[PDB]
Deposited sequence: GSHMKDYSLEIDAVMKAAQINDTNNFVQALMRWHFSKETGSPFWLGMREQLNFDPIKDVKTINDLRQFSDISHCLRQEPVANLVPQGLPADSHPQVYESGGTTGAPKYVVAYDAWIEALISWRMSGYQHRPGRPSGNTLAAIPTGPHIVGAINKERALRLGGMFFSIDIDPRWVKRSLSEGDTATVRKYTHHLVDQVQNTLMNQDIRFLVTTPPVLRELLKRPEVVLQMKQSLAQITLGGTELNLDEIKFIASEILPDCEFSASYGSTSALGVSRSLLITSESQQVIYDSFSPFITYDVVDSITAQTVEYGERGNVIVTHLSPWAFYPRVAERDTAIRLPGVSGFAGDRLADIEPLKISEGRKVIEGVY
């Protein structure tokens, strides 16, 4: 039982004592008693001592991205021994397009913590027009739908097929697929009482072209969440002021890599950027030059780098496929904020 070791970590996180948070978690991840087989075995490959040479969150820059290992690392090797036996490990995936994907493990207690943080009033049912299956977004949105006093409704949506279909410029399929998505979404909006919608711009765009659906949304929806990295802020502002005046808008930024999502500020008439905040110190961002990997200045755009550190997992310095404008983090908190995320070309 390592419930005291664990709770001491969470208490360091809570008071933002990030140095002790980091050091306590280095000891956790690299003890023979509590660490995961994967990090225990990785320790000999490192050019420094994770226990002697890591004092702060910046010291984590000594680690390389090990995402490339997560194809063939057996998933059970990702589990820290120190976790309780009822922790409930679950496989989730991102990648690859062509052959991949990377396999990570999340736990209920983690998704629970993440949603607590996110969630700190309307109530009702949620329609998440998002991937489930191997995609952690699916499980994160279930847990949020549960905090919202309703049921979790979803659709069939094969995001890999949509990716693959673009990479082949078969945009005839892509049109037809989105169409089928939107039909699913219409069905539930019409037939059941949905308070909360979670979707993407292309899907919402085509929904707003179906006027009966539009009328239902005027009556029922208290909030729309938009996900992804292809958000047109002007389009959203308009939708919000002219078309769905009673519905709140916000954005969600997915990182499977950090086992998480990040929340935007509410999107108002006043919004100059979409600006995202992370579950720091568990999930932290850095925004870096694409050649030097050095942190850019505030207001500059660089490559997004995400680090997960927690009792459940350790994924240091993950190089995402996105860029953002670097903003100062919430004060007393490790990590940067992001604005206006874009995909890399």
{"query": "Gaps in the model, given as deposited-sequence positions counted from residue 1", "finding": "1 to 5, 126 to 132, 358 to 369"}
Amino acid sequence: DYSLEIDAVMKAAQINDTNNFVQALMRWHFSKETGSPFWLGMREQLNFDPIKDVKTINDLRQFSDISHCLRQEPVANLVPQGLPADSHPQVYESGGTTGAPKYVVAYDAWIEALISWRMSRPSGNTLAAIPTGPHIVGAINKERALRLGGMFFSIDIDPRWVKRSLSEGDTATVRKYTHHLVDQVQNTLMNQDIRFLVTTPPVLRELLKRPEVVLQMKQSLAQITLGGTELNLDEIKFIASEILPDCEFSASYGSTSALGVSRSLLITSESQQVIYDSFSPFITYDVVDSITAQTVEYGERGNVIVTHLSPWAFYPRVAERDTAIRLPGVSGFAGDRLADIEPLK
From here on, numbers count along this sequence of modelled residues.
{"property": "Mean C-alpha temperature factor, higher of 207 to 215 and 152 to 160", "result": "207 to 215"}
{"property": "Of 47 to 55 and 305 to 313, the one with larger mean CA B-factor", "result": "47 to 55"}
{"property": "Residue with highest C-alpha B-factor in the PDB entry, from 73, 168, 93, 112", "result": "168"}
{"property": "Selection by C-alpha B-factor (highest) of 80, 131, 122, 260", "result": "122"}
{"property": "Chain-wide C-alpha B factor ranking for residue 135, given as lowest, middle or highest third", "result": "lowest"}
{"property": "Position of residue 117 among the chain's modelled residues by C-alpha B-factor, lowest, middle or highest third", "result": "middle"}
{"property": "Modelled-residue ranking by C-alpha temperature factor, third containing residue 23", "result": "lowest"}
{"property": "Third of chain Cα B-factors occupied by residue 269", "result": "highest"}
{"property": "Where the record places residue 14 (Cα B-factor, split into thirds across the chain)", "result": "middle"}
